[PDB]
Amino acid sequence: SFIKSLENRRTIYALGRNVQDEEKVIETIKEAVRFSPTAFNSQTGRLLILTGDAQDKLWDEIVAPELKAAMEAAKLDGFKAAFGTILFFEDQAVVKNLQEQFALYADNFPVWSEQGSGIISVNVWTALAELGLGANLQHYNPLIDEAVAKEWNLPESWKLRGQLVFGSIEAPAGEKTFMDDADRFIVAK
């Protein structure tokens, strides 16, 4: 069931590279984004999908130095050890064009774009889990933005929002609690 698929998606930090069919994984990532809704069917999400040498490079040559340099003013090995990383962006050129075309909803489009990033991120995350792969979602933006844009020659208008690290599950998810229903759902007739 769909609810079972949602329940099956979890944050998995212990990731490896025991991935059998990388083509199928890419196809599934694309499909999850394709079938996600966005305001005005604006489809503002953009993805950079890194595996292999590019995966090593992101973590060793971009994230680590950026962090070290920032601090001066480990967990990273765990991210690098994964099969890959999906970097999620939102295309600001499209958001800007929507603000111009429909000045009525100018303030809304940035909000709806942010919601859209959440939407495609979890749809991909859940689709990967259905393949038996684990993932975790990181946020080393805005620190790594410029280096990522330069290395993979990305448009300036792509605004980095999240990095979904994914791979084979090497240890189970931890415990998770849930709020009291009564504190977040009200039903009225």
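Note that residue numbering follows the sequence shown and begins at 1.
In this entry, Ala73 is separated from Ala74 by 10 or more residues of the deposited sequence that have no coordinates. Here 78 to 86 and 99 to 107 are compared by their mean Cα B-factor, and 99 to 107 comes out higher. Higher mean CA temperature factor, per the PDB entry, when comparing 152 to 160 with 134 to 142: 152 to 160. Within the selection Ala32, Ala39, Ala64, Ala129, the deposited Cα B-factor values reach their highest point at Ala64.
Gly174 sits in the highest third of its chain by CA B factor, as recorded in the PDB entry.
Ranked against the other modelled residues of its chain, the C-alpha B-factor of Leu58 as given in the entry falls in the middle third.
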